[PDB]
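**Student:** This is run.pdb (PDB, C-alpha atoms).
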ATOM      1  CA  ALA A   1     115.830  95.600 194.931
ATOM      2  CA  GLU A   2     111.953  95.436 195.276
ATOM      3  CA  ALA A   3     111.563  99.219 195.717
ATOM      4  CA  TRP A   4     113.766 100.042 192.746
ATOM      5  CA  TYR A   5     111.743  97.566 190.677
ATOM      6  CA  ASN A   6     108.424  99.156 191.772
ATOM      7  CA  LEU A   7     109.819 102.567 190.869
ATOM      8  CA  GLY A   8     110.650 101.004 187.534
ATOM      9  CA  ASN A   9     107.090  99.735 187.210
ATOM     10  CA  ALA A  10     105.617 103.149 188.056
ATOM     11  CA  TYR A  11     107.655 104.672 185.206
ATOM     12  CA  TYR A  12     106.691 101.821 182.901
ATOM     13  CA  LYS A  13     102.988 102.513 183.586
ATOM     14  CA  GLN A  14     103.566 106.133 182.466
ATOM     15  CA  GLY A  15     105.337 105.106 179.265
ATOM     16  CA  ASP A  16     108.663 106.255 180.555
ATOM     17  CA  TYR A  17     110.514 103.270 179.261
ATOM     18  CA  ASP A  18     114.092 104.688 179.582
ATOM     19  CA  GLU A  19     113.519 105.572 183.235
ATOM     20  CA  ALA A  20     111.946 102.152 183.784
ATOM     21  CA  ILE A  21     115.061 100.522 182.321
ATOM     22  CA  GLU A  22     117.399 102.552 184.490
ATOM     23  CA  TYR A  23     115.534 101.528 187.667
ATOM     24  CA  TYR A  24     115.105  97.874 186.704
ATOM     25  CA  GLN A  25     118.897  97.731 186.023
ATOM     26  CA  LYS A  26     119.447  99.188 189.505
ATOM     27  CA  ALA A  27     117.102  96.530 190.995
ATOM     28  CA  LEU A  28     119.150  93.921 189.078
ATOM     29  CA  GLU A  29     122.510  95.286 190.276
ATOM     30  CA  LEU A  30     121.118  94.484 193.809
ATOM     31  CA  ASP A  31     119.290  91.225 193.066
ATOM     32  CA  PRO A  32     120.618  89.624 189.823
ATOM     33  CA  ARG A  33     118.276  86.633 190.240
ATOM     34  CA  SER A  34     115.023  88.674 190.062
ATOM     35  CA  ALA A  35     113.197  87.017 187.150
ATOM     36  CA  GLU A  36     110.536  89.724 187.534
ATOM     37  CA  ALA A  37     113.065  92.501 186.989
ATOM     38  CA  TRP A  38     114.692  90.833 183.947
ATOM     39  CA  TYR A  39     111.220  90.182 182.438
ATOM     40  CA  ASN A  40     110.031  93.751 182.986
ATOM     41  CA  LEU A  41     113.355  94.895 181.623
ATOM     42  CA  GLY A  42     112.588  92.789 178.530
ATOM     43  CA  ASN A  43     109.080  94.350 178.418
ATOM     44  CA  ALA A  44     110.570  97.836 178.537
ATOM     45  CA  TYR A  45     112.889  97.175 175.675
ATOM     46  CA  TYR A  46     110.027  95.458 173.785
ATOM     47  CA  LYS A  47     107.996  98.646 174.113
ATOM     48  CA  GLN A  48     110.931 100.738 172.746
ATOM     49  CA  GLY A  49     110.971  98.409 169.751
ATOM     50  CA  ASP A  50     114.323  96.802 170.706
ATOM     51  CA  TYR A  51     113.237  93.234 170.223
ATOM     52  CA  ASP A  52     116.761  91.831 170.310
ATOM     53  CA  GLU A  53     117.262  93.157 173.848
ATOM     54  CA  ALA A  54     113.812  91.913 174.857
ATOM     55  CA  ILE A  55     114.912  88.474 173.671
ATOM     56  CA  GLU A  56     118.067  88.701 175.731
ATOM     57  CA  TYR A  57     116.318  89.632 178.960
ATOM     58  CA  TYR A  58     113.256  87.459 178.486
ATOM     59  CA  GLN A  59     115.617  84.532 178.089
ATOM     60  CA  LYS A  60     117.486  85.399 181.325
ATOM     61  CA  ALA A  61     114.138  85.613 183.070
ATOM     62  CA  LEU A  62     112.812  82.292 181.712
ATOM     63  CA  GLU A  63     116.053  80.590 182.690
ATOM     64  CA  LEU A  64     115.538  81.803 186.353
ATOM     65  CA  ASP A  65     111.865  80.836 186.242
ATOM     66  CA  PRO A  66     110.351  78.865 183.306
ATOM     67  CA  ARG A  67     106.839  78.622 184.783
ATOM     68  CA  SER A  68     105.104  81.515 183.063
TER      69      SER A  68
ATOM     70  CA  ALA B   1     102.934  80.524 179.618
ATOM     71  CA  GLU B   2     102.722  84.388 179.171
ATOM     72  CA  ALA B   3     106.517  84.879 179.266
ATOM     73  CA  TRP B   4     107.185  82.116 176.760
ATOM     74  CA  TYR B   5     104.541  83.659 174.493
ATOM     75  CA  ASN B   6     106.138  87.140 174.775
ATOM     76  CA  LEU B   7     109.507  85.605 173.948
ATOM     77  CA  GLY B   8     107.746  84.099 170.968
ATOM     78  CA  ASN B   9     106.392  87.510 170.009
ATOM     79  CA  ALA B  10     109.826  89.142 170.301
ATOM     80  CA  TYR B  11     111.197  86.569 167.833
ATOM     81  CA  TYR B  12     108.184  87.024 165.577
ATOM     82  CA  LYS B  13     108.850  90.792 165.441
ATOM     83  CA  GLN B  14     112.399  90.015 164.220
ATOM     84  CA  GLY B  15     111.199  87.618 161.527
ATOM     85  CA  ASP B  16     112.491  84.635 163.390
ATOM     86  CA  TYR B  17     109.464  82.542 162.708
ATOM     87  CA  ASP B  18     110.966  79.113 163.657
ATOM     88  CA  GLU B  19     112.076  80.429 167.047
ATOM     89  CA  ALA B  20     108.670  82.065 167.493
ATOM     90  CA  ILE B  21     107.007  78.708 166.813
ATOM     91  CA  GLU B  22     109.217  76.876 169.272
ATOM     92  CA  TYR B  23     108.369  79.349 172.061
ATOM     93  CA  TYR B  24     104.652  79.554 171.281
ATOM     94  CA  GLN B  25     104.536  75.701 171.403
ATOM     95  CA  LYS B  26     106.227  75.886 174.816
ATOM     96  CA  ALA B  27     103.629  78.474 175.972
ATOM     97  CA  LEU B  28     100.939  76.063 174.696
ATOM     98  CA  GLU B  29     102.442  73.028 176.461
ATOM     99  CA  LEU B  30     101.846  75.113 179.680
ATOM    100  CA  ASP B  31      98.513  76.733 178.802
ATOM    101  CA  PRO B  32      96.728  74.759 176.015
ATOM    102  CA  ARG B  33      93.727  77.123 176.145
ATOM    103  CA  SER B  34      95.691  80.279 175.167
ATOM    104  CA  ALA B  35      93.813  81.460 172.063
ATOM    105  CA  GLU B  36      96.490  84.156 171.709
ATOM    106  CA  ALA B  37      99.272  81.583 171.507
ATOM    107  CA  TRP B  38      97.439  79.356 168.982
ATOM    108  CA  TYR B  39      96.627  82.441 166.842
ATOM    109  CA  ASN B  40     100.201  83.734 166.891
ATOM    110  CA  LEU B  41     101.316  80.207 166.164
ATOM    111  CA  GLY B  42      98.997  80.311 163.130
ATOM    112  CA  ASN B  43     100.482  83.729 162.196
ATOM    113  CA  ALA B  44     103.996  82.312 162.381
ATOM    114  CA  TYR B  45     103.192  79.451 160.105
ATOM    115  CA  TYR B  46     101.302  81.855 157.791
ATOM    116  CA  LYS B  47     104.466  83.926 157.478
ATOM    117  CA  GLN B  48     106.519  80.783 156.604
ATOM    118  CA  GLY B  49     104.000  80.116 153.845
ATOM    119  CA  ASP B  50     102.522  77.025 155.572
ATOM    120  CA  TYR B  51      98.910  77.971 155.121
ATOM    121  CA  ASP B  52      97.582  74.534 156.023
ATOM    122  CA  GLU B  53      99.146  74.777 159.490
ATOM    123  CA  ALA B  54      97.907  78.355 159.852
ATOM    124  CA  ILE B  55      94.418  77.017 159.153
ATOM    125  CA  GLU B  56      94.838  74.354 161.795
ATOM    126  CA  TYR B  57      95.946  76.734 164.527
ATOM    127  CA  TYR B  58      93.689  79.623 163.585
ATOM    128  CA  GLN B  59      90.788  77.216 163.879
ATOM    129  CA  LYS B  60      91.899  76.057 167.362
ATOM    130  CA  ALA B  61      92.164  79.693 168.367
ATOM    131  CA  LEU B  62      88.737  80.696 166.994
ATOM    132  CA  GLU B  63      87.163  77.717 168.728
ATOM    133  CA  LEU B  64      88.603  78.979 172.118
ATOM    134  CA  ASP B  65      87.562  82.546 171.323
ATOM    135  CA  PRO B  66      85.377  83.415 168.279
ATOM    136  CA  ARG B  67      85.164  87.155 169.019
ATOM    137  CA  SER B  68      87.906  88.513 166.787
TER     138      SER B  68
ATOM    139  CA  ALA C   1     104.453 107.500 213.826
ATOM    140  CA  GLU C   2     104.611 103.607 213.876
ATOM    141  CA  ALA C   3     100.992 103.207 215.058
ATOM    142  CA  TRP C   4      99.619 105.611 212.471
ATOM    143  CA  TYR C   5     101.581 103.721 209.809
ATOM    144  CA  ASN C   6     100.187 100.342 210.988
ATOM    145  CA  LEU C   7      96.691 101.812 210.899
ATOM    146  CA  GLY C   8      97.552 102.860 207.376
ATOM    147  CA  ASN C   9      98.661  99.324 206.566
ATOM    148  CA  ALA C  10      95.466  97.813 207.997
ATOM    149  CA  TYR C  11      93.430 100.048 205.661
ATOM    150  CA  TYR C  12      95.731  99.229 202.760
ATOM    151  CA  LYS C  13      95.124  95.491 203.329
ATOM    152  CA  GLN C  14      91.363  96.161 203.018
ATOM    153  CA  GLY C  15      91.745  98.140 199.797
ATOM    154  CA  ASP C  16      90.948 101.376 201.510
ATOM    155  CA  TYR C  17      93.638 103.297 199.754
ATOM    156  CA  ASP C  18      92.383 106.852 200.593
ATOM    157  CA  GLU C  19      92.256 106.036 204.304
ATOM    158  CA  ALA C  20      95.686 104.413 204.034
ATOM    159  CA  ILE C  21      97.039 107.612 202.475
ATOM    160  CA  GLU C  22      95.540 109.807 205.162
ATOM    161  CA  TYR C  23      97.158 107.726 207.932
ATOM    162  CA  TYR C  24     100.528 107.345 206.212
ATOM    163  CA  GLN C  25     100.600 111.175 205.767
ATOM    164  CA  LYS C  26      99.897 111.495 209.502
ATOM    165  CA  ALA C  27     102.760 109.041 210.257
ATOM    166  CA  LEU C  28     104.959 111.202 207.983
ATOM    167  CA  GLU C  29     103.932 114.479 209.653
ATOM    168  CA  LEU C  30     105.414 112.846 212.847
ATOM    169  CA  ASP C  31     108.417 111.057 211.332
ATOM    170  CA  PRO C  32     109.344 112.594 207.923
ATOM    171  CA  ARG C  33     112.313 110.214 207.562
ATOM    172  CA  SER C  34     110.218 106.992 207.595
ATOM    173  CA  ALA C  35     111.210 105.359 204.292
ATOM    174  CA  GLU C  36     108.589 102.691 205.049
ATOM    175  CA  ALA C  37     105.808 105.264 205.254
ATOM    176  CA  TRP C  38     106.848 107.087 202.046
ATOM    177  CA  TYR C  39     107.110 103.721 200.212
ATOM    178  CA  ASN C  40     103.708 102.516 201.403
ATOM    179  CA  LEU C  41     102.371 105.930 200.525
ATOM    180  CA  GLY C  42     103.785 105.364 197.022
ATOM    181  CA  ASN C  43     102.168 101.880 197.003
ATOM    182  CA  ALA C  44      98.809 103.375 197.934
ATOM    183  CA  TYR C  45      98.913 105.880 195.154
ATOM    184  CA  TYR C  46     100.154 103.144 192.769
ATOM    185  CA  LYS C  47      97.063 101.111 193.612
ATOM    186  CA  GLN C  48      94.791 104.142 192.899
ATOM    187  CA  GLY C  49      96.457 104.374 189.498
ATOM    188  CA  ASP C  50      98.287 107.645 190.320
ATOM    189  CA  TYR C  51     101.661 106.577 189.044
ATOM    190  CA  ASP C  52     103.117 110.080 189.071
ATOM    191  CA  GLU C  53     102.553 110.346 192.831
ATOM    192  CA  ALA C  54     103.912 106.830 193.334
ATOM    193  CA  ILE C  55     107.056 107.992 191.542
ATOM    194  CA  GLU C  56     107.314 111.000 193.806
ATOM    195  CA  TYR C  57     107.032 109.041 197.036
ATOM    196  CA  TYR C  58     109.004 106.007 195.926
ATOM    197  CA  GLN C  59     111.831 108.376 195.092
ATOM    198  CA  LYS C  60     111.680 110.025 198.552
ATOM    199  CA  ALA C  61     111.766 106.568 200.081
ATOM    200  CA  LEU C  62     114.713 105.320 197.985
ATOM    201  CA  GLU C  63     116.640 108.480 198.803
ATOM    202  CA  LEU C  64     116.193 107.723 202.595
ATOM    203  CA  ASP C  65     117.048 104.062 202.048
ATOM    204  CA  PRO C  66     118.347 102.741 198.677
ATOM    205  CA  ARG C  67     118.822  99.135 199.840
ATOM    206  CA  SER C  68     115.605  97.535 198.641
TER     207      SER C  68
ATOM    208  CA  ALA D   1      96.463  94.925 233.979
ATOM    209  CA  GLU D   2     100.285  95.061 233.237
ATOM    210  CA  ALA D   3     100.852  91.368 234.073
ATOM    211  CA  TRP D   4      97.944  90.185 231.951
ATOM    212  CA  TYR D   5      99.285  92.315 229.091
ATOM    213  CA  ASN D   6     102.807  90.827 229.457
ATOM    214  CA  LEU D   7     101.285  87.352 229.444
ATOM    215  CA  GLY D   8      99.554  88.456 226.275
ATOM    216  CA  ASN D   9     102.869  89.600 224.830
ATOM    217  CA  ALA D  10     104.581  86.308 225.708
ATOM    218  CA  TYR D  11     101.878  84.446 223.753
ATOM    219  CA  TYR D  12     102.129  86.934 220.903
ATOM    220  CA  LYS D  13     105.891  86.272 220.650
ATOM    221  CA  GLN D  14     105.102  82.544 220.238
ATOM    222  CA  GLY D  15     102.513  83.153 217.525
ATOM    223  CA  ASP D  16      99.682  82.257 219.811
ATOM    224  CA  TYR D  17      97.493  85.070 218.667
ATOM    225  CA  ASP D  18      94.162  83.778 220.134
ATOM    226  CA  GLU D  19      95.718  83.395 223.582
ATOM    227  CA  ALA D  20      97.315  86.828 223.209
ATOM    228  CA  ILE D  21      93.890  88.299 222.433
ATOM    229  CA  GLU D  22      92.265  86.633 225.410
ATOM    230  CA  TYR D  23      94.899  88.048 227.793
ATOM    231  CA  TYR D  24      94.982  91.526 226.256
ATOM    232  CA  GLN D  25      91.144  91.646 226.612
ATOM    233  CA  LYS D  26      91.583  90.693 230.279
ATOM    234  CA  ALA D  27      94.193  93.486 230.700
ATOM    235  CA  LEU D  28      91.653  95.844 229.067
ATOM    236  CA  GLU D  29      88.769  94.722 231.304
ATOM    237  CA  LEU D  30      91.048  95.977 234.184
ATOM    238  CA  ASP D  31      92.545  99.067 232.534
ATOM    239  CA  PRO D  32      90.360 100.230 229.581
ATOM    240  CA  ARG D  33      92.671 103.206 228.934
ATOM    241  CA  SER D  34      95.792 101.098 228.167
ATOM    242  CA  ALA D  35      96.732 102.303 224.671
ATOM    243  CA  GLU D  36      99.449  99.624 224.690
ATOM    244  CA  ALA D  37      96.921  96.848 225.237
ATOM    245  CA  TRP D  38      94.500  98.112 222.548
ATOM    246  CA  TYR D  39      97.423  98.482 220.082
ATOM    247  CA  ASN D  40      98.783  95.000 220.774
ATOM    248  CA  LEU D  41      95.237  93.743 220.532
ATOM    249  CA  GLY D  42      95.099  95.388 217.087
ATOM    250  CA  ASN D  43      98.476  93.760 216.247
ATOM    251  CA  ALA D  44      97.140  90.353 217.244
ATOM    252  CA  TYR D  45      94.122  90.657 215.051
ATOM    253  CA  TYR D  46      96.334  92.043 212.241
ATOM    254  CA  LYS D  47      98.439  88.892 212.443
ATOM    255  CA  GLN D  48      95.283  86.689 212.223
ATOM    256  CA  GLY D  49      94.391  88.583 209.058
ATOM    257  CA  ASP D  50      91.393  90.369 210.652
ATOM    258  CA  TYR D  51      92.239  93.816 209.408
ATOM    259  CA  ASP D  52      88.844  95.284 210.249
ATOM    260  CA  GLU D  53      89.343  94.468 213.939
ATOM    261  CA  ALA D  54      92.913  95.772 213.796
ATOM    262  CA  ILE D  55      91.468  99.036 212.490
ATOM    263  CA  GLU D  56      88.991  99.155 215.337
ATOM    264  CA  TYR D  57      91.565  98.644 218.069
ATOM    265  CA  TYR D  58      94.344 100.673 216.491
ATOM    266  CA  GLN D  59      91.907 103.562 216.348
ATOM    267  CA  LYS D  60      90.999 103.184 220.055
ATOM    268  CA  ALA D  61      94.697 103.149 220.844
ATOM    269  CA  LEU D  62      95.544 106.225 218.734
ATOM    270  CA  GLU D  63      92.656 108.108 220.307
ATOM    271  CA  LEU D  64      94.164 107.401 223.826
ATOM    272  CA  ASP D  65      97.651 108.274 222.595
ATOM    273  CA  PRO D  66      98.278 109.791 219.116
ATOM    274  CA  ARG D  67     102.054 110.170 219.542
ATOM    275  CA  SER D  68     103.314 107.034 217.832
TER     276      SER D  68
END
Once more with this new file: its structure as structure tokens, please.
**Tutor:**
Amino acid sequence: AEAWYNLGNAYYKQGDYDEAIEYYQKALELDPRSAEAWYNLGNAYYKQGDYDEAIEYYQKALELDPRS
Amino acid sequence: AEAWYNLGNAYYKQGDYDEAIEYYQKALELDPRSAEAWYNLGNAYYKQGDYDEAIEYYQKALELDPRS
Amino acid sequence: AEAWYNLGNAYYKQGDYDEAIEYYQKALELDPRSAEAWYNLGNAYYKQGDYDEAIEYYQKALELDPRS
Amino acid sequence: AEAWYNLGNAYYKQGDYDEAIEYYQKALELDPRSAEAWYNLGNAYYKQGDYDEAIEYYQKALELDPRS
């Protein structure tokens, strides 16, 4: 999971939001309780302008970890 | 705080101003010195037409950070 | 390979990312199938802000070992 | 030298990194060309978080034996 997520982050940093999504989803298939991966997934969709998906994934993330 | 605020922003982008308010208030319960969260709170009330609350929260925000 | 990689890691811990790269590349010249060394190589470039190289090396690492 | 080093290793296995250092240094006083003892010395300092000493001793070890 962590390495897929970091790959996801590297693509996110380059503005490759679809790639970032594909790798965050792969990190999530391996660790479905990664709040970090759901959150960054939400961020990725937020950047594509899909705010309804960002809501969905931000809420899954906040439910795993409400601290932030 | 940051994740609640971004959830707030995602709802704001969809015109869900009451949800945005509820999540910005939750970001503020965790970080009461977030100028960004007070400001966006003010924006949310401004969009609902409650200009007196927008004044209130914009002033709290400008008092934390007068730069903008 | 392992000792070069650990030297690489010691430099990485100090924020000496160019040294870390040079030693991880030397660990890789000796063991080209070290997923750990490719990954930390990717991390090192990620920290320098070269996200396109991080992508490159993270992908080589995930291809040797997709578990993480 | 070998017995001091193994004593060092036994302490290392228990997380007694200062003892491990003291015994590896004693193995080195007797055999200054023990790459194994310099390396494990570096490991011991790495575990204490002294990465600059780990660098120092890992480099002495790799200079006696660059294979690993």
**Student:** Spell out the residues picked by the PyMOL selection byres ((chain A and resi 33) around 12) here, as a PyMOL selection string.
**Tutor:** chain A and resi 1-2+25+27-32+34-39+57+60-65
**Student:** Counting all atoms listed in the file, collect the residues of chain B whose closest atom lies at most 12 Å from chain A, and write them out as a list in words.
**Tutor:**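 Only these qualify: residues 1, 2, 3, 4, 5, 6, 7, 8, 9, 10, 11, 12, 13, 14, 15, 16, 19, 20, 23, 24, 26, 27, 28, 29, 30 and 31 of chain B.
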**Student:** In Å, with one decimal, what is the gap from atom CA of residue B:40 to atom CA of residue A:17?
**Tutor:** 25.3 Å
**Student:** One decimal, Å: what's the distance from atom CA of residue C:45 over to atom CA of residue A:47, could you say?
**Tutor:**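 Spanning atom CA of residue C:45 to atom CA of residue A:47 is a straight-line distance of 24.0 Å.
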**Student:** Grab the atom CA of residue C:41 to atom CA of residue A:21 distance for me, in Å with one decimal place.
**Tutor:**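 According to the coordinates, atom CA of residue C:41 and atom CA of residue A:21 are separated by 22.8 Å.
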